[PDB]
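K.L.:
A single structure is presented below for examination.
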Amino acid sequence: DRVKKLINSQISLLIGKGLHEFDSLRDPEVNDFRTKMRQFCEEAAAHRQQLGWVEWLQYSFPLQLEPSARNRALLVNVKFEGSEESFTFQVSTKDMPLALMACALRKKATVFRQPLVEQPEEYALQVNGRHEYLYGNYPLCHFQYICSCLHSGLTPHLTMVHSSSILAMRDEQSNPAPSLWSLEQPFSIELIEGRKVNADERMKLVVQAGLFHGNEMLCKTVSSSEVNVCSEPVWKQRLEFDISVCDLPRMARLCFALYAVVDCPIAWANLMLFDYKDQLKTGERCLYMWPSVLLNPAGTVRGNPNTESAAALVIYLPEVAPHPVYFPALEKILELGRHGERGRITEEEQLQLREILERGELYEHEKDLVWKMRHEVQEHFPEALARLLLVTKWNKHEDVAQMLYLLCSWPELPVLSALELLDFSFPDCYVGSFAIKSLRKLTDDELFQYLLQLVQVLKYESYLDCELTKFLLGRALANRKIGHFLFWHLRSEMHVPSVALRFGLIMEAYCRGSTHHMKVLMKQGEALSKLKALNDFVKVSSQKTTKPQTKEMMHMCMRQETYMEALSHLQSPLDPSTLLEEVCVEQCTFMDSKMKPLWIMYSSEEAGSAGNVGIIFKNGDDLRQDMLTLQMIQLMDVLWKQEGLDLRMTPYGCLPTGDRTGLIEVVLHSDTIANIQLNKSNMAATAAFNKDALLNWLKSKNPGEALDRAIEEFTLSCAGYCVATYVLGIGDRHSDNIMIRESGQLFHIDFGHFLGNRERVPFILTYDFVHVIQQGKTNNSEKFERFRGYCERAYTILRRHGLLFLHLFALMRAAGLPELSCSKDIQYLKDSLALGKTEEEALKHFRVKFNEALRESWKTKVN
Ligand SMILES: Oc1cccc(-c2cccc(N3CCOCC3)n2)c1
């Protein structure tokens, strides 16, 4: 069909990889993944196009509620769809959207002299010119939009939208018309030869081979004989391992490292001993190697796609049996594991077992006791599953069967425990499947919070068709915001060969489940394409002429029909609720920094003042660490708000979209501390002492009694960013990467470095900010110590969630970020949070750290 042909080509251009490329690999695993996930996603699409109108609002416009939500007078402007006539009426912040709706309908029934057929139940309230709605049984104050409006002071502008208008949205966005355990001999392989090997001729080539189950060795590593350096080395030798074939676990991976010696790392390659269909692999394998930068268990189990240039090791998996051998079914495993003597020892060991299960590495005796008392772990200490899993001998078929028997009847664990279990330290497929089962209870807001880390876990996966991929696919198809960000997280890494096939396959499947959103996403990709072209021009022009010259030329380029069409009328990749309507060419510019980032401004008549939004397009820098930093600061703000603490944070959007490409949300009405401190003449802020400048700027933006609120907003945000930077080890902080909103809110930009990269980042307190907290007065202990009280409260809240930060940072090790590549980087978080201490101990350690930062600050106060 011609419709099927166009969608296939639109998916090809969207994901940046031709679908013909999947067919050309002729791999049954890819073929089975494509068929099964296409069928799964098309089923979700069929379920969706029949949702009820409120359920469809829940899919397309998921509610944006305050972390607290999951009295005071309020003024709201309401209009009915299309009609310019609006009504401004006074409601309460504790009133429900329904009372606001009944209120709007009585007005409409009086202005147009008619009794209305419609009940307030037939409507939803759209936030003007935004893909955002207020509905459900929540007070208005609980909504992020109203909450935002209350804190700024602006009047909420809403539109009454009927059930028929949303059902038409549902309808118009529709998809088109239609045995192993007897094998006791040692595992061995023949190392045949190597191809296209590049190394110094004076050296010899060595091939190191290891058997792993995640990070753990299953036996000793074995090395081949040393053979002279040349293009095609020949070994033709048998490498025998210290593990029987029966003892190989399901997720065992054979890892190879090729290097040179007189060590000179050349390349590495890994493969799974069992295939996607549970069969024990046999015959020849050509391993297209990845060039090193020595065994890499965490590395991908798929070969290098660049067959032309990659080094290629040829190996032979021996035929251990005349007929094919598959991993035993769960039915056999449980039968073997059903047999085991129950641990029945004294009260002495019970107190000793309690001590370590509630407690980090264990001793040989501590491990043996946990294993012996495994039945008691299931029944009395279920949350110690991860401890029990780490002591299990994964190199023993009998021990694995006994662990798996307990797991299959293990109670579901909290979301926090499940997050720990997705770590590469837990590579078992049944463990992985258990971890997902416990994560099904995640809310969409919680899933959204951890989506970034979940997408990184996909890089650990041994097969394409996996439980985590199906989970993410199902949830993405069930929530448009989830769908939007899952797409971008994957799309932004299509330039990385190790993930391009897996990510491309997930994105294709998603597109099969939502034809309309694929087109919505293509419109975003067309804008990004133009921004790249425009940014390339600016980069060249900025080196050949003056700034007004490049800016005027940039404008001419944007004003072209092609650019005006592509850059306007799209959902924002930073936030699909944000609609970027009319590009305001005259307000567009570029920044003076290395990559000359573009500064793009938008307007929307329908949204009014809220439709005025900016995006920064930046090309040449990996923005993944910046996004992780901002997402961690956003989590801090959520955890603080859950404890009733609002530190007036600015968690602006940051999204990588391509190879060293991404967008940054513009926070309007904000300026850098560096600019304010330049202390320009002929301005309201013009100071007598440079220390007076921020406060003078604050005064000019906040006249009269508004100044008290601005100092408080500054104080709160300062406390939050001081704690955020200290906990995350955010260094290289100066007046040009610190910004201030006209409300007084302090926020940080461009997170180039974190986790103290390795020098331990000290707590930072700077006099000019102490000067605003203290209201300009030289001595204001009342104000300063109230700030120290805000810092201390924010710190102890993060500590109570110390394990959530460690589990998320652990899953992030999969991302491949230079400042997050091992255990040293995580030790920074463990140290900054002081989780190996008591609250009184860590608080005193924080107070000593803060006091040390006040003493360093006081060196500037002496002058
Ligand atoms: O997270 C980053 C990464 C790189 C650059 C920036 C950056 C640089 C200048 C301005 C700017 N902001 C955005 C927020 O709104 C004010 C301008 N962000 C932020």
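The chains in the structure tokens are called A, B, ... from first to last as shown; in each chain the residues are counted from 1, and the ligands are counted from 1 in the order shown.
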If the limit is 6 Å from any atom of ligand 1, counting only C-alpha atoms and all ligand atoms, which residues qualify? Return them as a PyMOL selection string.

P.N.:
chain A and resi 626+664-667+749-751

K.L.:
Pull C-alpha atoms from the residues just selected and write them as a PDB file, in the first residue's frame.

P.N.:
```
ATOM      1  CA  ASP A 626      24.105  19.489  31.809  1.00  0.00           C
ATOM      2  CA  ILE A 664      18.130  25.120  26.446  1.00  0.00           C
ATOM      3  CA  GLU A 665      15.031  26.796  27.827  1.00  0.00           C
ATOM      4  CA  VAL A 666      15.265  30.586  28.093  1.00  0.00           C
ATOM      5  CA  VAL A 667      14.344  32.029  31.518  1.00  0.00           C
ATOM      6  CA  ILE A 749      23.659  27.930  34.056  1.00  0.00           C
ATOM      7  CA  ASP A 750      26.174  25.844  31.952  1.00  0.00           C
ATOM      8  CA  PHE A 751      27.112  22.853  34.192  1.00  0.00           C
TER       9      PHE A 751
END
```

K.L.:
Using only C-alpha atoms, which protein or nucleic acid residues come within 7 Å of residue 694 (chain A)? Drop anything in the same chain fewer than 4 positions from it, and give the result as number ranges by chain.

P.N.:
A: 676-677, 698

K.L.:
Which is closer to residue 373 (chain A) than all the others in A:361, A:343, A:124, A:26, using only C-alpha atoms?

P.N.:
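Among the listed residues, the smallest separation from residue 373 (chain A) belongs to A:343.
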
K.L.:
I'd like the interatomic distance between CA of residue 589 (chain A) and CA of residue 551 (chain A), to a tenth of an Å.

P.N.:
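We find that CA of residue 589 (chain A) and CA of residue 551 (chain A) lie 5.9 Å from each other.
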
K.L.:
Using only C-alpha atoms, what table do you get, as a tab-separated table, when you list each residue of region 268-340 of chain A with an atom no more than 12 Å from region 414-433 of chain A, its nearest pair of atoms, and their distance in Å rounded to one decimal, rows by chain then rising number?

P.N.:
```
residue	atom	partner	partner_atom	distance
A:272	CA	A:427	CA	11.9
A:276	CA	A:429	CA	11.3
A:278	CA	A:429	CA	11.3
A:297	CA	A:424	CA	9.6
A:298	CA	A:424	CA	7.5
A:299	CA	A:424	CA	10.8
A:329	CA	A:430	CA	11.7
A:330	CA	A:430	CA	9.4
A:333	CA	A:430	CA	11.4
```

K.L.:
Please identify which residues in region 174-296 of chain A DSSP calls helix (DSSP H, G or I) from the backbone, and express them as a list in words.

P.N.:
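So, restricting region 174-296 of chain A to helix (DSSP H, G or I), we get residues 180, 181, 182, 245, 246 and 247 of chain A.
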
K.L.:
Select from region 181-305 of chain A everything DSSP, run on the backbone, classes as strand (DSSP E or B), then give the selection as a ChimeraX atom specification.

P.N.:
/A:186-195,204-213,216-217,222-223,227-228,234-244,253-261,264-272,274,279-280,283-288,290-291

K.L.:
Keeping only C-alpha atoms, take the residues you just selected and write them out as an mmCIF file, in the first residue's frame.

P.N.:
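Here's the written file part-v5.cif:
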```cif
data_model
loop_
_atom_site.group_PDB
_atom_site.id
_atom_site.type_symbol
_atom_site.label_atom_id
_atom_site.label_comp_id
_atom_site.auth_asym_id
_atom_site.auth_seq_id
_atom_site.Cartn_x
_atom_site.Cartn_y
_atom_site.Cartn_z
ATOM 1 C CA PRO A 186 34.957 -27.550 31.004
ATOM 2 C CA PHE A 187 33.807 -24.687 28.797
ATOM 3 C CA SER A 188 36.373 -24.031 26.035
ATOM 4 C CA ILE A 189 36.609 -22.230 22.662
ATOM 5 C CA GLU A 190 39.049 -22.229 19.756
ATOM 6 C CA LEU A 191 40.646 -18.827 19.056
ATOM 7 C CA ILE A 192 41.159 -19.069 15.252
ATOM 8 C CA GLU A 193 42.596 -15.765 13.946
ATOM 9 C CA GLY A 194 42.416 -11.949 13.845
ATOM 10 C CA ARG A 195 41.803 -9.637 10.845
ATOM 11 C CA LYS A 204 53.488 -9.276 20.146
ATOM 12 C CA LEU A 205 49.671 -9.750 20.168
ATOM 13 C CA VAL A 206 47.846 -11.207 23.217
ATOM 14 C CA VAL A 207 44.121 -12.091 23.411
ATOM 15 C CA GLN A 208 42.662 -12.060 26.934
ATOM 16 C CA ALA A 209 39.343 -13.963 27.375
ATOM 17 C CA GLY A 210 37.008 -13.753 30.351
ATOM 18 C CA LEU A 211 33.721 -15.270 31.484
ATOM 19 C CA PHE A 212 31.368 -12.802 33.218
ATOM 20 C CA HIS A 213 27.883 -12.506 34.676
ATOM 21 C CA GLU A 216 31.552 -10.578 38.309
ATOM 22 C CA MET A 217 34.069 -13.073 36.884
ATOM 23 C CA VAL A 222 42.595 -17.054 30.263
ATOM 24 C CA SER A 223 45.128 -15.642 27.768
ATOM 25 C CA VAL A 227 51.967 -14.139 18.490
ATOM 26 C CA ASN A 228 54.048 -11.601 16.406
ATOM 27 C CA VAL A 234 46.855 -16.696 13.615
ATOM 28 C CA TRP A 235 46.496 -18.577 16.932
ATOM 29 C CA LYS A 236 44.452 -21.750 16.031
ATOM 30 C CA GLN A 237 44.476 -22.699 19.735
ATOM 31 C CA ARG A 238 42.024 -23.941 22.352
ATOM 32 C CA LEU A 239 41.254 -21.680 25.358
ATOM 33 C CA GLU A 240 39.832 -23.776 28.247
ATOM 34 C CA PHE A 241 37.973 -22.137 31.199
ATOM 35 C CA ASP A 242 37.618 -23.088 34.878
ATOM 36 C CA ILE A 243 33.791 -23.603 34.655
ATOM 37 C CA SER A 244 31.703 -26.623 33.492
ATOM 38 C CA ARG A 253 28.904 -13.253 28.468
ATOM 39 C CA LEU A 254 32.236 -14.308 26.880
ATOM 40 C CA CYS A 255 34.497 -11.194 26.825
ATOM 41 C CA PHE A 256 37.572 -10.606 24.702
ATOM 42 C CA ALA A 257 40.398 -8.023 24.814
ATOM 43 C CA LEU A 258 43.089 -7.935 22.063
ATOM 44 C CA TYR A 259 46.291 -6.065 22.943
ATOM 45 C CA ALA A 260 50.029 -5.737 22.292
ATOM 46 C CA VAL A 261 53.096 -6.251 24.599
ATOM 47 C CA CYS A 264 49.098 -1.538 24.479
ATOM 48 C CA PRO A 265 45.252 -1.829 24.307
ATOM 49 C CA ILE A 266 44.070 -2.450 20.717
ATOM 50 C CA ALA A 267 40.422 -3.650 20.782
ATOM 51 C CA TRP A 268 37.656 -5.496 22.692
ATOM 52 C CA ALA A 269 34.500 -7.584 21.853
ATOM 53 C CA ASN A 270 31.822 -9.397 23.907
ATOM 54 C CA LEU A 271 29.059 -11.890 23.027
ATOM 55 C CA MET A 272 26.327 -13.809 24.929
ATOM 56 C CA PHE A 274 23.127 -18.180 24.800
ATOM 57 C CA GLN A 279 20.084 -21.775 22.593
ATOM 58 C CA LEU A 280 23.717 -22.409 23.599
ATOM 59 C CA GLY A 283 30.065 -22.936 15.285
ATOM 60 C CA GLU A 284 32.103 -19.973 13.945
ATOM 61 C CA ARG A 285 31.779 -16.340 15.118
ATOM 62 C CA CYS A 286 33.351 -13.277 13.535
ATOM 63 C CA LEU A 287 33.665 -10.728 16.292
ATOM 64 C CA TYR A 288 33.940 -7.194 14.848
ATOM 65 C CA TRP A 290 35.546 -2.043 19.194
ATOM 66 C CA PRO A 291 38.801 -0.025 19.471
#
```

K.L.:
Need the shell around region 561-567 of chain A: protein/DNA/RNA residues with any atom at most 7 Å away, counting only C-alpha atoms. Skip same-chain ones fewer than 5 positions apart. Format as a PyMOL selection string?

P.N.:
chain A and resi 526-527+530+583

K.L.:
Determine, counting only C-alpha atoms, which protein, DNA and RNA residues have an atom within 8 Å of an atom of region 58-62 of chain A; residues of the same chain fewer than 4 positions away are not included. Present the result as a PyMOL selection string.

P.N.:
chain A and resi 54+131-133+478-481+577

K.L.:
Excluding same-chain residues fewer than 3 positions from residue 3 (chain A), what lies within 10 Å of it counting only C-alpha atoms, as a list in words?

P.N.:
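Listed by chain and then number, they are residues 6, 7, 8, 176 and 177 of chain A.
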
K.L.:
Near residue 246 (chain A), within 8 Å and counting only C-alpha atoms, which residues show up once chain neighbours fewer than 5 positions away are dropped, as a short mmCIF file (atom, residue, chain, number, x, y, z; two decimals) with N, CA and C atoms, in the first residue's frame?

P.N.:
```cif
data_model
loop_
_atom_site.label_atom_id
_atom_site.label_comp_id
_atom_site.auth_asym_id
_atom_site.auth_seq_id
_atom_site.Cartn_x
_atom_site.Cartn_y
_atom_site.Cartn_z
N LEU A 180 21.40 -29.34 29.22
CA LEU A 180 22.50 -28.48 29.66
C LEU A 180 23.17 -28.95 30.98
N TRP A 181 22.36 -29.30 32.00
CA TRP A 181 22.86 -29.64 33.34
C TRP A 181 23.65 -30.96 33.43
N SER A 182 23.63 -31.81 32.37
CA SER A 182 24.40 -33.07 32.32
C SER A 182 25.81 -32.84 31.73
N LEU A 183 25.99 -31.69 31.03
CA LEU A 183 27.23 -31.29 30.35
C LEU A 183 28.29 -30.81 31.36
N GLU A 184 29.05 -31.76 31.94
CA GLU A 184 30.02 -31.46 33.00
C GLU A 184 31.44 -31.11 32.52
N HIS A 397 24.99 -23.86 38.95
CA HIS A 397 23.62 -24.13 38.48
C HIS A 397 22.65 -24.49 39.63
#
```
